[PDB]
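Here the structure comes first, spelled out in structure tokens, and everything after it is commentary.
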Amino acid sequence: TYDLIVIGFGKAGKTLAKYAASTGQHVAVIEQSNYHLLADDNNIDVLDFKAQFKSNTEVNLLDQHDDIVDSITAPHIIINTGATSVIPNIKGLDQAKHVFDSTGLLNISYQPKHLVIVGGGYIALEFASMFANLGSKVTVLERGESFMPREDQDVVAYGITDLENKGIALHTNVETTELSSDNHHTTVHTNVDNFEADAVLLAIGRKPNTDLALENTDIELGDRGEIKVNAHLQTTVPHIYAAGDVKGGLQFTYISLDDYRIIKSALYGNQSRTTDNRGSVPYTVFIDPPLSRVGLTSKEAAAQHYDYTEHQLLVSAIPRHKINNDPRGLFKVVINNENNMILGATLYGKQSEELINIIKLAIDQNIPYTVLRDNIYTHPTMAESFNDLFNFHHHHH
Amino acid sequence: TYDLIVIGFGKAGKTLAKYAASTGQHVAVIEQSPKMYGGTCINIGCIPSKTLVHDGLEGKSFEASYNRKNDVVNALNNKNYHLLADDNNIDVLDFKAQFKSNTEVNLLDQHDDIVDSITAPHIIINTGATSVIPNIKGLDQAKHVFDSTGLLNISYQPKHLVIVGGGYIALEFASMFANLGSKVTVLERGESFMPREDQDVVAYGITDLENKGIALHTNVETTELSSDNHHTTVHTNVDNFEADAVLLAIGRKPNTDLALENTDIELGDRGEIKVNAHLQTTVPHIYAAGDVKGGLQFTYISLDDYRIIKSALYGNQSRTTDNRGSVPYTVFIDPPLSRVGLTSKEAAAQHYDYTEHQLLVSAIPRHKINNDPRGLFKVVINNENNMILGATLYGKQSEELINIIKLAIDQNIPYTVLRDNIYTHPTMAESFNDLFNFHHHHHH
Ligand SMILES: *[C@@]1([N])=N[C]=NC2=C1N=[C]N2[C]1O[C]([C]OP([O])(=O)OP([O])(=O)O[C][C]([O])[C]([O])[C]([O])[C]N2C3=[C]C([C])=C([C])[C]=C3N=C3C(=O)[N]C(=O)N=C32)[C]([O])[C]1[O]
Ligand SMILES: Cc1cc2nc3c(=O)[nH]c(=O)nc-3n(C[C@H](O)[C@H](O)[C@H](O)COP(=O)(O)OP(=O)(O)OC[C@H]3O[C@@H](n4cnc5c(N)ncnc54)[C@H](O)[C@@H]3O)c2cc1C
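Chains as they are written, first to last, in PDB author numbering: chain D, 3 to 35, 82 to 445; chain C, 3 to 446.
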């Protein structure tokens, strides 16, 4: 019988357990398979079992033999079980060899001479960049009509160019029909071609990890197998919360950290934090250079009928690029003309994963783009490019 | 006759010249050296200095780094020149400018002869600074003694570089040349290195420099320089140091060699051109921008001087030296030491009820990706209103991150916003979640 139980070792549950322990509460963390910073705490018991609900109030602990070892309870339970790679139903998967998801690839024994990636998502493009830099010939197959479709399209054109210049082969409108393996190698059979590879990466998305007997509970699932949560991350049973990837939406480590803020606010604070007031959420696609994003693209701003102005700056026009010895990239911003507020930004270039946080703060705090234009920046840096990136007049659309 | 005369191809000058020309005005820009097209930063300052620091961090040799420094300097010098000269409303005049009167400027060739004279209703003095040559016995006879600019053009890698001076520029050359394999000794006359900086963070730079093999000394009075033919000895009160090359880096003074006696332009206690809050000299139609008017010597201060002068001559005159906002800066040692606002010593001396909180870079998970555990992040907060008084970031990406805290200070964003914000991951910026967490609720 505990004070708080978190199920899973994600970021939200781990930091929530550490906070509750400093309060003095006795916490139970259930994790099937950093590590000491939780166990070594006097007020936290990490249980190496598999969690499975017996009711809305008690949780069964299963050993590796799927036997019930013990049952545990607490007035509040946090579900934080993450997600798993989506396995595609294709011909010859269970028999094919040298096939990997994202986790299996990160633990690969060898460097592939030819890595084929089925899937063209952000994670897929990241791995293609990481392995081209390591000398691997990389082919990636996208089923859709274009790469990174939710991103600004003449920025991604620069990204595709820089990816191709590294020897990466991109393909669009590719249906993959069959996988076969001649033992040491594996061939991917597609609509356009049949590629031979040393390793095949399945990178076609992650689906919530919802395996803990929800039939014994009143916890509901949404359209896509995610745990349904309200604005305070409450499931349909009010004393049980869901955080991280196991509920729907954005799958980021920092979103999981913000989930802890919401749940702590609901359980220990004034309950003012919700999923409706996270502020603008930035993200980075770690290609080379990194593509960082926050707010709208100009395509979205035009679709929502903003009176907007967009402006761009090639990284080759940024003098700091000469010190970096890297001319690749494109910086792009979208501005609201009514006020002078920033609607969104796409920074494709070095330091973009750091610079993007400046624009995030400006959007949240209603700092007009004129302030970023006229500000004093350190020199020589990439940040000082904001003197030029935001140096423009209204073009009224 | 021109509409605007700019004396010196500095940062404020070239930027103001380019704007006025877009307006339709005819601008004359006087620059004495064709090796100086673009200013001190492009040719003998920030750009060549940090090109060598960046390349030395990458394992490039001395010869390879210096060759790429030449290409980068030559490319930007040529770029800066044509950005101005090719404008139909800007004439770049290759002469030394000297005032004939309050209203017209002589153009002198390198033999100090007057070739012609020009005039304009507004004149901008943007002549920068020069290295302070110290009065030391044997300097005018010692060999292998270098400027900051002489060192950036050195034709050999020194086995032992001895640095007279311990300012920011001196420590940047020490780190730069240590990373290139040179043995470096640096000598500071004062009691301590980098005063006015958070001396807790300074002790980190010091140890990180010493762990690279840099020898540092304080309370050192350099009394004499002597040289044989291939070695130079620096005679001090503690020791004699034998060197391949000696760097004199003890500050830079305003360059006012403009025959100001033919004008009513006044000079201040420290040889600077006196200016008001709108950067007007004591002659109202003459402005002074950049290093020559004293104060902070940075390229971005010079760029902000263009904003003040443009505001005064073309805009609503609201921009002054009194509303620049908080001024960040970076000392480009390895990793860079970046700073904005008050030090905790300053906050304590003014009697704030302040909170200081630090975070070691080795406690930032991104450092493992960076392959560098060195650094210390530090913030100083006013406890009565949660405002950010200052910060010192010593670590990777600090020269970028410091601009976030600058923005927060200027806009009166309380530290709790930076503490609770969502940051990209994995980054150095997300360390702010911990750096700005004072753990007030960490109790029973
Ligand atoms: C049961 N039944 N009982 C006990 N414990 C259980 C259990 N089922 C599962 N588990 C355990 O639960 C945890 C879950 O951990 P985690 O971290 O998945 O939880 P959470 O809070 O949802 O975290 C989400 C977050 O980690 C994730 O979004 C990021 O990893 C996303 N991400 C990312 C992901 C992949 C797959 C790759 C290849 C790369 C990246 N890169 C980034 C990136 O650069 N930035 C970013 O912000 N996010 C990235 C587990 O231990 C189970 O055993
Ligand atoms: C080694 C070193 C490293 C530095 N690193 C950095 C750094 O990393 N970041 C940073 O922000 N700052 C840095 N600085 C400072 C920066 O170089 C200066 O603060 C800045 O360039 C000042 O520019 P300015 O507008 O005052 O004029 P300057 O850029 O100094 O230009 C003045 C110009 O006027 C010309 N001139 C002078 N007198 C006459 C005359 N009579 N007639 C005609 N022309 C004339 C000169 O030839 C020169 O081209 C560094 C400085 C040095 C020395």
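All C-beta atoms in this analysis are idealised placements derived from N, C-alpha and C, irrespective of residue type, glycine included.
CB contact below 8 Å: residue i versus chain C
{"i": "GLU358(D)", "result": "no"}
{"i": "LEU403(D)", "result": "yes"}
{"i": "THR323(D)", "result": "no"}
{"i": "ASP271(D)", "result": "no"}
{"i": "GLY215(D)", "result": "no"}
{"i": "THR225(D)", "result": "no"}
{"i": "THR258(D)", "result": "no"}
{"i": "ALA431(D)", "result": "yes"}
{"i": "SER24(D)", "result": "yes"}
{"i": "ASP374(D)", "result": "no"}
{"i": "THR426(D)", "result": "yes"}
{"i": "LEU409(D)", "result": "yes"}
{"i": "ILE371(D)", "result": "yes"}
Residue range of the beta strand (DSSP E) that includes residue i
{"i": "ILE32(D)", "result": "29–32"}
{"i": "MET389(C)", "result": "389–396"}
{"i": "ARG254(C)", "result": "254–256"}
{"i": "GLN399(D)", "result": "Unbroken run through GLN399(D): none, as it is neither H nor E."}
{"i": "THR235(C)", "result": "234–238"}
{"i": "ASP96(C)", "result": "92–96"}
{"i": "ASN108(C)", "result": "106–110"}
{"i": "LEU378(D)", "result": "378–384"}
Euclidean distance between Cα positions of residue i and residue j
{"i": "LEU315(C)", "j": "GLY168(C)", "result": "40 Å"}
{"i": "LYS13(C)", "j": "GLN319(D)", "result": "51 Å"}
{"i": "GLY152(C)", "j": "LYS255(C)", "result": "17 Å"}
{"i": "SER133(D)", "j": "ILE208(D)", "result": "25 Å"}
{"i": "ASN155(D)", "j": "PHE148(D)", "result": "10 Å"}
{"i": "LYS408(C)", "j": "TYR302(C)", "result": "14 Å"}
{"i": "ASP230(C)", "j": "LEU54(C)", "result": "29 Å"}
{"i": "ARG368(D)", "j": "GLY47(C)", "result": "14 Å"}
{"i": "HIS56(C)", "j": "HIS287(D)", "result": "54 Å"}
{"i": "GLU212(C)", "j": "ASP436(D)", "result": "39 Å"}
{"i": "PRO197(C)", "j": "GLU223(C)", "result": "18 Å"}
{"i": "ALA144(C)", "j": "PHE101(C)", "result": "35 Å"}
{"i": "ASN69(C)", "j": "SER157(C)", "result": "11 Å"}
{"i": "residue 55(D)", "j": "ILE275(D)", "result": "Missing from the coordinates is residue 55(D); the shown part of chain D jumps over it, going from 35 to 82."}
{"i": "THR258(C)", "j": "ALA290(C)", "result": "11 Å"}
{"i": "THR3(D)", "j": "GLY296(D)", "result": "30 Å"}
{"i": "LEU362(C)", "j": "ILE371(C)", "result": "15 Å"}
{"i": "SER364(D)", "j": "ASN373(D)", "result": "10 Å"}
Residue from the options whose Cα sits closest to the Cα of residue i
{"i": "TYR354(C)", "options": "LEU391(C), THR220(C) and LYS185(C)", "result": "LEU391(C)"}
{"i": "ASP200(D)", "options": "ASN435(D), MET389(D), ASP412(D) and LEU378(D)", "result": "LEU378(D)"}
{"i": "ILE120(C)", "options": "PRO330(C), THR42(C) and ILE32(C)", "result": "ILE32(C)"}
{"i": "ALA251(D)", "options": "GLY270(D), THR187(D) and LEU182(D)", "result": "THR187(D)"}
{"i": "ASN423(D)", "options": "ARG326(C), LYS380(C), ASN384(C) and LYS370(C)", "result": "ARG326(C)"}
{"i": "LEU227(D)", "options": "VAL240(D), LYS214(D), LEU218(D) and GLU244(D)", "result": "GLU244(D)"}
{"i": "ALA122(D)", "options": "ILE135(D), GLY343(D) and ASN108(D)", "result": "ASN108(D)"}
Min CB distance residue i to chain D below 8 Å
{"i": "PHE300(C)", "result": "yes"}
{"i": "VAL329(C)", "result": "yes"}
{"i": "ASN423(C)", "result": "yes"}
{"i": "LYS52(C)", "result": "yes"}
{"i": "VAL333(C)", "result": "no"}
{"i": "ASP436(C)", "result": "no"}
{"i": "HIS442(C)", "result": "no"}
{"i": "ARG326(C)", "result": "yes"}
{"i": "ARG191(C)", "result": "no"}
{"i": "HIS446(C)", "result": "yes"}
{"i": "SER340(C)", "result": "yes"}
Residue i, enclosing alpha helix (DSSP H) - first and last residue
{"i": "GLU174(D)", "result": "170–181"}
{"i": "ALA22(D)", "result": "13–25"}
{"i": "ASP202(D)", "result": "201–212"}
{"i": "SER150(D)", "result": "150–154"}
{"i": "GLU65(C)", "result": "64–87"}
{"i": "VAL342(D)", "result": "Counting along the chain, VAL342(D) falls outside any alpha helix (DSSP H), though it belongs to the beta strand (DSSP E) covering 339–343."}
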